[PDB]
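Heads up: the structure comes next, in structure tokens.
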Amino acid sequence: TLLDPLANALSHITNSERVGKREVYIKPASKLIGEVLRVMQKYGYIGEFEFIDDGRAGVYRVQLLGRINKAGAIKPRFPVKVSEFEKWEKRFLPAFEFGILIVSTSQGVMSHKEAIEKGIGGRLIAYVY
Amino acid sequence: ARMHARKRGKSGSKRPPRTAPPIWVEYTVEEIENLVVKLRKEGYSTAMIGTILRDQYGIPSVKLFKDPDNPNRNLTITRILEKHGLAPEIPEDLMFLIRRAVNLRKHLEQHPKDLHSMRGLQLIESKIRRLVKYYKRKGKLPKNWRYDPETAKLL
Amino acid sequence: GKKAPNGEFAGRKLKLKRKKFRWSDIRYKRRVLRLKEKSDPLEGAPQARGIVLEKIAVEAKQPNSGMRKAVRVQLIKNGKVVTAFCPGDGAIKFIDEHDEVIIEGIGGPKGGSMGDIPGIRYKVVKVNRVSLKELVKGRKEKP
Amino acid sequence: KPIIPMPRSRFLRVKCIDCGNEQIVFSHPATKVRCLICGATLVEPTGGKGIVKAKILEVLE
Amino acid sequence: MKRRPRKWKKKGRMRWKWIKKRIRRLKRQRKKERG
Amino acid sequence: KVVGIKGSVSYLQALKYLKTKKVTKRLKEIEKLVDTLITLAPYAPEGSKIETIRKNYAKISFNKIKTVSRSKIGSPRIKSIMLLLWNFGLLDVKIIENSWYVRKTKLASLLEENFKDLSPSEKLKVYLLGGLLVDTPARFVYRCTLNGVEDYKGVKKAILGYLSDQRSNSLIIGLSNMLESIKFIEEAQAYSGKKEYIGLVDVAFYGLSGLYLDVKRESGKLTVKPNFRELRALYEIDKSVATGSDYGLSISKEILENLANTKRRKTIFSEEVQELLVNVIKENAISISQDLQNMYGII
RNA sequence: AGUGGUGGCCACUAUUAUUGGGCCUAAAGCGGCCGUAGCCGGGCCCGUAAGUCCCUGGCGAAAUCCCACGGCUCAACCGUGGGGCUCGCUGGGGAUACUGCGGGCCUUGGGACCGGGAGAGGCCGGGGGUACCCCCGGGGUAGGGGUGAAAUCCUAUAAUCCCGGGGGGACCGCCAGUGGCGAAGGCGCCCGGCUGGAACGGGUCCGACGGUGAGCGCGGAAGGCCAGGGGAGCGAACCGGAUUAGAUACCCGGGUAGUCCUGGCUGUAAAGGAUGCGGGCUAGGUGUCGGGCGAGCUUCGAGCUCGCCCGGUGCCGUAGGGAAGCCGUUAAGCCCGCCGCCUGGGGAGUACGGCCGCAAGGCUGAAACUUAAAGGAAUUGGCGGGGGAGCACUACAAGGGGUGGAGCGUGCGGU
RNA sequence: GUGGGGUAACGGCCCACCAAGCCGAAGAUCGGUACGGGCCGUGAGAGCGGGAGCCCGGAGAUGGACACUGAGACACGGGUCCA
């Protein structure tokens, strides 16, 4: 069955990137998936995006620029304070600041560098580089 | 169906993303209230009634018509049935499973050495159990209400 | 499938699974049940003291052919009897019947048989509180 | 595989040959759509689209 | 009777069915000595 | 030999829970089993010839006997419960070639008749007590307990005594059967360490443990102990209707003083139920007496 | 001014694997299905703020630890100052993205219903089939059988063999499949009745009703056992005839249980796709089975040919994975849930115990001690009472020559 | 639970009555083993291992049992008994 749209969508995206396909659709469209996708779009790894209703859950269409090397989902929602980010980054990012992490804090889901800026911890969600 | 057969068969069918009821129809909402009470009062199960409407009356979906009595809800055949107290107490699908189980059990009593039907009995039973648990959670059945072969015979 | 469970609310089965499969290995099981020290003739003693009874030479396992000298010693701490190899060139000439001796492990793999001499587990160090190595070199004198 | 599936089954405004009744009918009915007044069958449900017998004016969506 | 597939190989070793039968003989003999 | 019960040694221990009131799945299984058997058996007024069985008895088909789950019960369990019912004089059971044939007794069809609507645990307790008051082997075991016997050897000496009383005509056969069962298990419980088998002494100790007994295992032995509160209570109940012999074994001084020393315990059941039972047994004592005479006696 | 031996602990070891182990062939998926607790769960709106995060009070002693400076010559040690901890807490405030919690709203997952159609899906009644065996009659002598040869074995009241007629148990060939159906084991003569399931066309009706499954339950090849029937052929044991240094075998002639039927037990296997199950992604082509659509053909029955969609089942194979063998949209690739299993090889599926079974046995299961390997894939050669070839007069097919038989010369061995 | 006794004191702590509760497969009960913590060894670290030495707390005086005096003990250099 389906237990999390986000991980499957990120895996699908990465796979399509390996074959270098140009346009991708994510079937289970949610608000959270849209917000996270906007979040890394802010940093340029993906280009335009759109939502299209289908009368069931909407679909999310993206065109890929093929500059991502791996976009995975951190399933077990590890909560982390401000200080320990470097501990987790070493676990998922290849090098210093190489890409981002996605954290849901009290204000929402946004990048991890910006999270360090505002100094607000939260739940690790996904990573992409 | 994959709970037991594990067969990925896709016999499902398509319903486009239309929100408002179609223009080309003519029947009014109260008109179809009248029609559904007419059809239902001869004893037709709600899926059969919806099929009847789609086929001869040519009305795509009762869901497409908003409930006049509730702006926040869309009109479903069951809600019309209960709008006049003719909605059945025990919901339909589970009653179907009940009667199927009963008739099978008679055949089995006649035929003891058909173990394949024993397996079928186990499966349909587990189906009834699961739906019973579901409705118990949703409170559409008495909590103390139970499936029992004898009362099923009575039903 | 994916190595499971991993749920945020599922640590119990994780540690259960881990602890169960710990029992598969051998060394940790040996430590906790204390099997070595309830089968140890020396009771974890780095050395033991005993009395000599007889001298026997053993045939080196093939393809090594040789008469490796060794002795039979009953130790004083409990009264059990064991075999002890005697290293040294003409070593056996010094050792005699009815000799107080000091014995320790031989250093084979897992303290076991050392190379081409099977069965033996121990070597002698001091005889009558006198180290055997110098006796082999003749620097010291047996009492 | 289309991103959104479409309904291959269409609705039909059809005319009963006997009494000249007008009816909206499904392209893939499941029962015997019987005329309202004359009572003649107009379409018979088959493995795919049921075989229509009356005369067809127009298609809908 | 739990059974290890690797033992089914004959390489330098008597056939496994007869081993199983022989040890069954031993089991019945010892238990009948117990009775 | 006479009782080949295998692989259910601890199964009958569950009846100790009946003394207290903590329900358990085992007890409910026991209750459903026993009353199912009771309905199964008919009470033909006649039946003593080898041919009367199979024409006025009930054949048993074990595979038909099922729990209320459409699950199954190990056949030795059913064997054990039926052995108990016979031993308490409720079921007339006969072992024939690979089949067991049964019928209801006169005690049955009266106890159930008057106590139809009671709770299942109450029905069990009253069945056991009714079996106990009348002259059954269960009564013999109970009297042995009263005389301080707590071992297979005590009950063996009791059985030798009563056969050497020579007035044993009521229960020569059943008591001899009890002796036989004691044979071929006395070694298992004592000499051979492994027990792995059940005799009549065990299915008596269990069955009494549902009223006043607690039993200990040690290398297969079945050491017995009584309490004194409920023991006193049912002793008074027995004195209420003296439809039974001492069997020539009088209560020892120690047991007598312990009974006399102790305080008073609630009378198990409702006093109305106790009185109904009392008068029921009193008015029909002779009929049950002759029934049991035919049952375990000879003439 | 320490170096060496022994013994104990961490690393080495991602040989304990949450970070992070594997389970087709090296040890490692239950024979299959069902399902409880547990674990993990569709989308949207509204409210809480338990978890979650930030600020703030109290509190987590000292000793030990990190850093600067100072005193002891320097250091180690000590002091001054600053920082930290097993961190298991707790007061108040703030935040609502997630998780949890209550209310509502909606179908994609899942379920129900209906229309034709397919299939060795199951049970039950009836009908037949060819074949074999027995029995009766009729015909005809002189053998049949069987092996590599033979022999045992049947027959001259007549065999084998041919014709006529009667009875019996087992089975349902070719059509047949690389086909189908079943969860698995399994399922094949014809007809009638009862019954399970799926796929396809329709979302018609329900609204997350779900995946997994510790403990639980069910059925589940052959064989074995229990009680009663049956027993044509075949055939454990057993009895005879042969071969053989040796026959307890392979071959042959017989032959009991069994193999079948009625009721019950036993829970097994190379029950192996040696691959636990659900969802999403990741190039293709090729045929058949089912269903639907589009056609074209049609002596007009989807009957015949093509493309497409789904469903099942193979082959080839791009990328890719692997020690390789090889796998590769029916994944042994990348993610996502849950359960089972494994931690060098023997000792061992053993001992002891527990539980199950009438019994044989079933399910659980050590340790002592011994060993460097055990094992998996795979290259070259070698070898085959394996195969496929082509050569040979130091081979053989065909001819011809001469020894072993007498004696001499002559070398070797035995004396 | 009731009502009491006893205690520096609350409390089945103890006693009389009333009632049958209480714990358990997120594993009681039973057995094995062991003073707990600050800490210490190792590791890049996740982690694993140990709790002798200094400090805090607990427990003990051959095994058991019992008192007197004392604000404070059932008291290592005070007392009584058994082994």
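By order of appearance in the structure tokens: chains A, B, ..., then residues from 1 within every chain, and ligands from 1 in the order shown.
Every chain C residue lying within 9 Å of chain G, based on only C-alpha atoms (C1' of nucleotides), is listed here: residues 1, 2, 4, 5, 6, 7, 9, 10, 13, 14, 18, 21, 22, 24, 25, 26, 39, 44, 45, 46, 47, 104, 105, 106, 107 and 119 of chain C.
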Saved selection, atoms kept: N, CA and C atoms, as a PDB file, in the first residue's frame:
ATOM      1  N   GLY C   1      13.061  -7.859   2.272  1.00  0.00           N
ATOM      2  CA  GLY C   1      12.567  -6.495   2.322  1.00  0.00           C
ATOM      3  C   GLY C   1      13.514  -5.575   3.065  1.00  0.00           C
ATOM      4  N   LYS C   2      13.099  -4.327   3.268  1.00  0.00           N
ATOM      5  CA  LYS C   2      13.896  -3.395   4.053  1.00  0.00           C
ATOM      6  C   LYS C   2      14.082  -3.919   5.468  1.00  0.00           C
ATOM      7  N   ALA C   4      13.855  -4.184   9.066  1.00  0.00           N
ATOM      8  CA  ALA C   4      12.698  -3.689   9.793  1.00  0.00           C
ATOM      9  C   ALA C   4      12.751  -4.170  11.231  1.00  0.00           C
ATOM     10  N   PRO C   5      12.016  -3.525  12.144  1.00  0.00           N
ATOM     11  CA  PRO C   5      11.248  -2.279  12.017  1.00  0.00           C
ATOM     12  C   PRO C   5      12.138  -1.066  11.967  1.00  0.00           C
ATOM     13  N   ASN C   6      11.565   0.091  11.651  1.00  0.00           N
ATOM     14  CA  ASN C   6      12.280   1.350  11.795  1.00  0.00           C
ATOM     15  C   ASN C   6      11.390   2.466  12.322  1.00  0.00           C
ATOM     16  N   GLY C   7      10.152   2.163  12.709  1.00  0.00           N
ATOM     17  CA  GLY C   7       9.221   3.194  13.113  1.00  0.00           C
ATOM     18  C   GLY C   7       9.704   3.989  14.305  1.00  0.00           C
ATOM     19  N   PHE C   9       8.000   4.927  16.709  1.00  0.00           N
ATOM     20  CA  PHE C   9       7.377   4.368  17.901  1.00  0.00           C
ATOM     21  C   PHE C   9       7.561   2.859  17.982  1.00  0.00           C
ATOM     22  N   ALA C  10       8.741   2.360  17.605  1.00  0.00           N
ATOM     23  CA  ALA C  10       8.941   0.920  17.491  1.00  0.00           C
ATOM     24  C   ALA C  10      10.277   0.453  18.051  1.00  0.00           C
ATOM     25  N   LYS C  13      10.751  -3.527  19.579  1.00  0.00           N
ATOM     26  CA  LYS C  13      11.069  -4.672  18.748  1.00  0.00           C
ATOM     27  C   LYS C  13      12.487  -4.580  18.230  1.00  0.00           C
ATOM     28  N   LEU C  14      12.981  -3.367  17.987  1.00  0.00           N
ATOM     29  CA  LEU C  14      14.365  -3.218  17.563  1.00  0.00           C
ATOM     30  C   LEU C  14      15.308  -3.820  18.580  1.00  0.00           C
ATOM     31  N   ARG C  18      17.629  -7.203  18.239  1.00  0.00           N
ATOM     32  CA  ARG C  18      19.066  -7.123  18.406  1.00  0.00           C
ATOM     33  C   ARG C  18      19.528  -8.082  19.490  1.00  0.00           C
ATOM     34  N   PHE C  21      19.307 -11.818  18.424  1.00  0.00           N
ATOM     35  CA  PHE C  21      20.321 -12.263  17.490  1.00  0.00           C
ATOM     36  C   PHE C  21      21.722 -12.124  18.046  1.00  0.00           C
ATOM     37  N   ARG C  22      21.916 -11.353  19.112  1.00  0.00           N
ATOM     38  CA  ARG C  22      23.210 -11.390  19.777  1.00  0.00           C
ATOM     39  C   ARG C  22      23.567 -12.815  20.142  1.00  0.00           C
ATOM     40  N   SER C  24      23.301 -15.412  18.676  1.00  0.00           N
ATOM     41  CA  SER C  24      23.918 -16.187  17.619  1.00  0.00           C
ATOM     42  C   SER C  24      25.427 -16.262  17.795  1.00  0.00           C
ATOM     43  N   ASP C  25      26.085 -15.150  18.120  1.00  0.00           N
ATOM     44  CA  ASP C  25      27.537 -15.200  18.180  1.00  0.00           C
ATOM     45  C   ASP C  25      27.960 -16.059  19.363  1.00  0.00           C
ATOM     46  N   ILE C  26      29.268 -16.239  19.513  1.00  0.00           N
ATOM     47  CA  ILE C  26      29.816 -17.225  20.426  1.00  0.00           C
ATOM     48  C   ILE C  26      30.618 -16.583  21.544  1.00  0.00           C
ATOM     49  N   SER C  39      34.747 -24.164  32.895  1.00  0.00           N
ATOM     50  CA  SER C  39      35.485 -25.287  32.341  1.00  0.00           C
ATOM     51  C   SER C  39      36.990 -25.127  32.486  1.00  0.00           C
ATOM     52  N   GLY C  44      40.921 -19.247  35.534  1.00  0.00           N
ATOM     53  CA  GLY C  44      41.425 -17.950  35.137  1.00  0.00           C
ATOM     54  C   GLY C  44      42.765 -17.570  35.732  1.00  0.00           C
ATOM     55  N   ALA C  45      43.537 -18.529  36.234  1.00  0.00           N
ATOM     56  CA  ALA C  45      44.830 -18.219  36.831  1.00  0.00           C
ATOM     57  C   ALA C  45      45.890 -18.075  35.742  1.00  0.00           C
ATOM     58  N   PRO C  46      46.608 -16.950  35.668  1.00  0.00           N
ATOM     59  CA  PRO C  46      47.621 -16.818  34.610  1.00  0.00           C
ATOM     60  C   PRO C  46      48.708 -17.863  34.688  1.00  0.00           C
ATOM     61  N   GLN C  47      48.948 -18.416  35.869  1.00  0.00           N
ATOM     62  CA  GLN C  47      49.886 -19.507  36.041  1.00  0.00           C
ATOM     63  C   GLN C  47      49.372 -20.397  37.158  1.00  0.00           C
ATOM     64  N   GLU C 104      51.794 -22.371  32.430  1.00  0.00           N
ATOM     65  CA  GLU C 104      50.885 -21.370  31.888  1.00  0.00           C
ATOM     66  C   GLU C 104      50.501 -21.763  30.474  1.00  0.00           C
ATOM     67  N   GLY C 105      49.661 -20.934  29.870  1.00  0.00           N
ATOM     68  CA  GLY C 105      49.127 -21.242  28.565  1.00  0.00           C
ATOM     69  C   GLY C 105      50.171 -21.133  27.477  1.00  0.00           C
ATOM     70  N   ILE C 106      49.915 -21.849  26.382  1.00  0.00           N
ATOM     71  CA  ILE C 106      50.918 -22.003  25.337  1.00  0.00           C
ATOM     72  C   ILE C 106      50.868 -20.906  24.283  1.00  0.00           C
ATOM     73  N   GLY C 107      49.724 -20.261  24.093  1.00  0.00           N
ATOM     74  CA  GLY C 107      49.617 -19.201  23.115  1.00  0.00           C
ATOM     75  C   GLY C 107      49.175 -19.629  21.737  1.00  0.00           C
ATOM     76  N   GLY C 119      46.707 -31.130  20.871  1.00  0.00           N
ATOM     77  CA  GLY C 119      46.267 -31.557  22.188  1.00  0.00           C
ATOM     78  C   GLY C 119      46.851 -30.777  23.336  1.00  0.00           C
TER      79      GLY C 119
END
Out of range 31-94 of chain C, which residues get strand (DSSP E) from DSSP, as a ChimeraX atom specification?
/C:48-59,67-75,81-85
Quick one: residues within 8 Å of residue 24 in chain D, only C-alpha atoms (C1' of nucleotides) counted, chain neighbours fewer than 6 positions away excluded, as a compact mmCIF listing (two decimals) with N, CA, C and O atoms, in the first residue's frame?
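Result file is selection.txt:
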# COMPACT_ATOMS: atom_id res chain seq x y z
N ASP B 55 -28.34 4.30 -16.50
CA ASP B 55 -28.58 3.61 -17.76
C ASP B 55 -29.82 4.14 -18.47
O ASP B 55 -29.71 4.70 -19.57
N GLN B 56 -31.00 4.00 -17.87
CA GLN B 56 -32.22 4.39 -18.56
C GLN B 56 -32.50 5.88 -18.39
O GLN B 56 -32.91 6.56 -19.34
N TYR B 57 -32.29 6.41 -17.18
CA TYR B 57 -32.51 7.83 -16.95
C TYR B 57 -31.35 8.69 -17.44
O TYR B 57 -31.55 9.88 -17.69
N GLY B 58 -30.16 8.12 -17.58
CA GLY B 58 -29.05 8.85 -18.14
C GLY B 58 -28.51 9.96 -17.28
O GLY B 58 -27.96 10.92 -17.81
N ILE B 59 -28.64 9.84 -15.96
CA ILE B 59 -28.13 10.84 -15.03
C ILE B 59 -26.76 10.37 -14.54
O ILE B 59 -26.67 9.29 -13.94
N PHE D 11 -22.50 9.44 -22.89
CA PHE D 11 -23.95 9.44 -22.81
C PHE D 11 -24.52 9.80 -24.18
O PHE D 11 -23.89 10.49 -24.97
N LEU D 12 -25.74 9.32 -24.44
CA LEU D 12 -26.36 9.48 -25.75
C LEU D 12 -27.81 9.91 -25.59
O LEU D 12 -28.57 9.24 -24.90
N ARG D 13 -28.18 11.00 -26.25
CA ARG D 13 -29.58 11.33 -26.45
C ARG D 13 -30.06 10.55 -27.66
O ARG D 13 -29.60 10.78 -28.79
N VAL D 14 -31.00 9.63 -27.41
CA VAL D 14 -31.51 8.69 -28.39
C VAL D 14 -33.03 8.79 -28.42
O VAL D 14 -33.68 9.22 -27.46
Give me, as a ChimeraX atom specification, the contact residues of chain D against chain A at a cut-off of 9 Å, counting only C-alpha atoms.
/D:3-5
Let me see the file: selected residues, N, CA, C and O atoms, as a CSV table (one decimal), in the first residue's frame.
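again36.csv, freshly written:
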chain,number,residue,atom,x,y,z
D,3,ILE,N,-2.0,10.9,-18.0
D,3,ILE,CA,-1.8,11.4,-16.6
D,3,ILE,C,-3.1,11.4,-15.9
D,3,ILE,O,-3.2,10.9,-14.7
D,4,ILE,N,-4.1,11.9,-16.5
D,4,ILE,CA,-5.5,11.8,-16.0
D,4,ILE,C,-6.3,10.9,-16.9
D,4,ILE,O,-6.2,11.1,-18.1
D,5,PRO,N,-6.9,9.9,-16.4
D,5,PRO,CA,-7.8,9.1,-17.3
D,5,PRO,C,-9.0,9.8,-17.7
D,5,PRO,O,-9.5,10.7,-16.9
Tell me which protein, DNA and RNA residues are within 12 Å of range 8-11 of chain E, counting only C-alpha atoms (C1' of nucleotides), leaving out same-chain ones fewer than 4 positions away, and put them as a VMD selection string.
(chain E and resid 3 to 4 15 to 20) or (chain G and resid 270 374 to 375)
Restricting the output to C-alpha atoms (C1' of nucleotides), write the selected residues as a PDB file, in the first residue's frame.
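And here is the file that came out, result_5.pdb:
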ATOM      1  CA  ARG E   3      17.492 -31.026   8.170  1.00  0.00           C
ATOM      2  CA  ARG E   4      20.435 -29.063   6.850  1.00  0.00           C
ATOM      3  CA  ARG E  15      24.460 -40.572   1.914  1.00  0.00           C
ATOM      4  CA  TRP E  16      22.221 -38.573   4.208  1.00  0.00           C
ATOM      5  CA  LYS E  17      19.039 -40.687   4.033  1.00  0.00           C
ATOM      6  CA  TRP E  18      20.843 -43.659   5.545  1.00  0.00           C
ATOM      7  CA  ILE E  19      22.390 -41.462   8.220  1.00  0.00           C
ATOM      8  CA  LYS E  20      18.895 -40.333   9.184  1.00  0.00           C
TER       9      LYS E  20
ATOM     10  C1'   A G 270      14.292 -31.639  -4.101  1.00  0.00           C
ATOM     11  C1'   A G 374      34.716 -26.101   5.309  1.00  0.00           C
ATOM     12  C1'   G G 375      32.228 -23.863   1.268  1.00  0.00           C
TER      13        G G 375
END
